[PDB]
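Next up: just one chain, as structure tokens, the form deposited in one PDB entry.
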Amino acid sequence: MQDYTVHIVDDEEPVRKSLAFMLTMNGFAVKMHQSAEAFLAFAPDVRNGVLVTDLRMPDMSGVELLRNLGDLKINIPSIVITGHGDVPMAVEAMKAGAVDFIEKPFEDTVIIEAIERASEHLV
């Protein structure tokens, strides 16, 4: 239907890869990124992309990434996923503009539907 790309961010390669493979296996156009810094640098070039970022990353947190994107006034539907979240962080993420903040572990169905949902925000 729609030709968008799901960009995956997480400093951990193994996690980065498993999520990428699973989505690739479900028909999605997918692109991996090594760090949030790397994705931020590339962000100004993204067209029709949805972001799925991990939360707890060493240099820049998923939430700081979203704020940074906001500062650059870029506008990319984003979903934060994390195995170490909490209410405060979850609120910061939504405040930074996230379409959703989801806790691990979750079924493929969950992230897929949230990606499909976030894609609706693409103008």
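Don't overthink the numbering: it's just position in the shown sequence, from 1. Only residues modelled in both forms are compared. Between two forms, the rigid core is defined as the largest C-alpha subset superposing within 1.5 Å.
Below, we refer to the form deposited in another entry, which is not included among the displayed structures.
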Check your understanding: Comparing between this form and the one not shown on the rigid core: C-alpha of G27 shifted by 2 Å or more?
Key -> no
Exercise for review: Establish whether a shift of 2 Å or more occurs at the C-alpha of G85 between this form and the one not shown, with the two forms superposed on the rigid core.
Suggested key: yes
Study note, to complete from the structure: Quick read on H84 and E107 CA atoms in the other entry, 3 Å or more from the shown distance, and they're closer
Study note, to complete from the structure: Evidently the Cα separation of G62 and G85 changes by 3 Å or more in the other entry, so the atoms lie farther
Study note, to complete from the structure: Stretches of at least 3 consecutive residues with Cα shifts of 2 angstroms or more throughout between this form and the one not shown, after core superposition, read in sequence order as 82 to 89
